[PDB]
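The chain below stands alone and is given as structure tokens, in the form deposited in one PDB entry.
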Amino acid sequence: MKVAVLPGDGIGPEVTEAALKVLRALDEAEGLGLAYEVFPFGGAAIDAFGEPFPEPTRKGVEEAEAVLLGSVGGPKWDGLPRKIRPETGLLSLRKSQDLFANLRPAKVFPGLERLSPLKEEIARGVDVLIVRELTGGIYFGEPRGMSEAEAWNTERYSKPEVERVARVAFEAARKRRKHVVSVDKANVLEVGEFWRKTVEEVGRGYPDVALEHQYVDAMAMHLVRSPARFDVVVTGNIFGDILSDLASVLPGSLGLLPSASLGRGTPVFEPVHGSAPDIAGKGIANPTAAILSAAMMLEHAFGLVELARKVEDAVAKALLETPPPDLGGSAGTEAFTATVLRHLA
């Protein structure tokens, strides 16, 4: 277990140290081979090295088995050249590692339904993982352009692009409830027909996992009326972009959300939230997204699924025993991390 730890700016060090305290305690009781190195990343590195993804950091990422990122960005570096912003160094980290699948889970922990915008009955039991394709589709498609009379952009997918993001979904689903919904617009678009066609064939090598297909406009409706029926949801880039934000409002707090980017290189695990300058240094930032990102690392980077689930239960009990300020409690980052560790022991 060689992890590069890039804490970044704002509350990024704060919540990353909390994730590190959980990983270290877990390494004692279980004897992992946790070996980690902390690096300068974005903003903290613009200050030391004059540039957001400095050469030591790049080597460290390249040499580690997984990255545990915190948060980048901040006022201090906002009006800069777009080349050197903390924020573009984040794109450079994913791009350098050829990360093509973004995994973003939305879970309503037991007893936390009151926070969901949805009624308790509908919010109960939601635990959905949206797998979004990151490297293709309309955001990168050519031809694209704009004249004075019109504009065009191309939604394009090749067969290996679809096959590889669908393999991450089938493999993810195996560790979970073995059900994959693939989302497309196949009744109107040939890219949809193609997508459905390819995932269906990928599904044949995973006979233990059920695959269902749904249209995106109908998935937007199911994610609000009955989100608790889904497990893994895999889709294209623009559709994954809309749907993982829609599912992300269902828990009711930005500090509860972990993410992962898997690909050819070193996988990055990170909180959906940013650097939150307004609450930085106040010792109150909710470390749950970071601790659950570290759990996602145990599961997706090191295949340690029962340990990943042990960390999720400990976090689920902690959120009910001493909730952070953003879920209406009073527990600061330290008091809350300690409740988590109490439930690991």
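Each residue number is its position in the shown sequence, starting from 1.
The discussion below concerns the form deposited in another entry, not included here.
Novice: Of 219, 64, 106, 132, which one sits right at the hinge of the rigid motion between this form and the one not shown?
Specialist: The hinge between the moving rigid parts is marked by 106.
Novice: I want to verify one pair: residue 95 and residue 137. Are their C-alpha atoms nearer or more distant in the other entry compared with the form I supplied, knowing the change is 3 Å or more?
Specialist: Nearer in the other entry, by 3 Å or more.
Novice: How does the C-alpha distance between residue 138 and residue 95 change in the other entry compared with the present structure, closer or farther, given a change of 3 angstroms or more?
Specialist: Distance between the C-alphas of residue 138 and residue 95: shorter in the other entry, by 3 Å or more.
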